[PDB]
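Structure first, commentary second.
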Amino acid sequence: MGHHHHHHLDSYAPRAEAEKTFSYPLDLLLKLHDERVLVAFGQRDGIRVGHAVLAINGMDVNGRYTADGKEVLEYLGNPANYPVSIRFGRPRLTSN
Numbered sequence: 001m002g003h004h005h006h007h008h009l010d011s012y013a014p015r016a017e018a019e020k021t022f023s024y025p026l027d028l029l030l031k032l033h034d035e036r037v038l039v040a041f042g043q044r045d046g047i048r049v050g051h052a053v054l055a056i057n058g059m060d061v062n063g064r065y066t067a068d069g070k071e072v073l074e075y076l077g078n079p080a081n082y083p084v085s086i087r088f089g090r091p092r093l094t095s096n
């Protein structure tokens with residue numbers, strides 16, 4: 001009965017994490033979902049899958065493209081650009 005629910009402001013989510021270096025091959029994999037690049041695998045236990053990319057080398061990502069317009073999966077997949085720094089966090093940090 002009732003099955004009531006409540007949540008914080010829909011526009012919001014917890015803050016982004018700090019910038020971190022990445023390179024490949026690595027025990028980390030990313031995928032495209034809902035016009036965002038998300039962690040597919042690489043969790044120590046669970047607290048990593050479903051996190052979303054927010055910038056790469058300071059280019060705030062246009063969902064799944066760089067600021068320049070490279071698709072993030074191809075951009076990171078290119079081994080000429082394997083060594084990178086990434087900013088990532090909870091999805092829906094803001095609606096835009």
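Note that PDB author numbering gives residue 95 to position 95 of the sequence shown, counting from 1, and the numbers run on in steps of one.
Just so it is clear, CB atoms sit at the ideal spot from N, CA and C, and this is done for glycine as well.
Is the Cβ-Cβ distance between residue i and residue j less than 8 Å?
i	j	result
residue 30	residue 37	yes
residue 11	residue 94	yes
residue 23	residue 82	yes
Quick one: Cα of residue i to Cα of residue j, how far?
i	j	result
residue 14	residue 72	23 Å
residue 26	residue 62	24 Å
residue 51	residue 1	34 Å
residue 60	residue 6	31 Å
If we count the other Cβ atoms within 10 Å of its Cβ and call it buried at 16 or more, is residue i buried or exposed?
i	result
residue 44	exposed
residue 49	exposed
residue 41	exposed
residue 54	buried
Indicate whether at least one CB of chain D lies closer than 8 Å to the CB of residue i.
i	result
residue 51	Included in the structure is just one protein chain, with no chain D present.
Self-check item: Within the stretch 7 to 45, ranges of the alpha helix (DSSP H) (whole runs, at least 4 residues)
Solution: none
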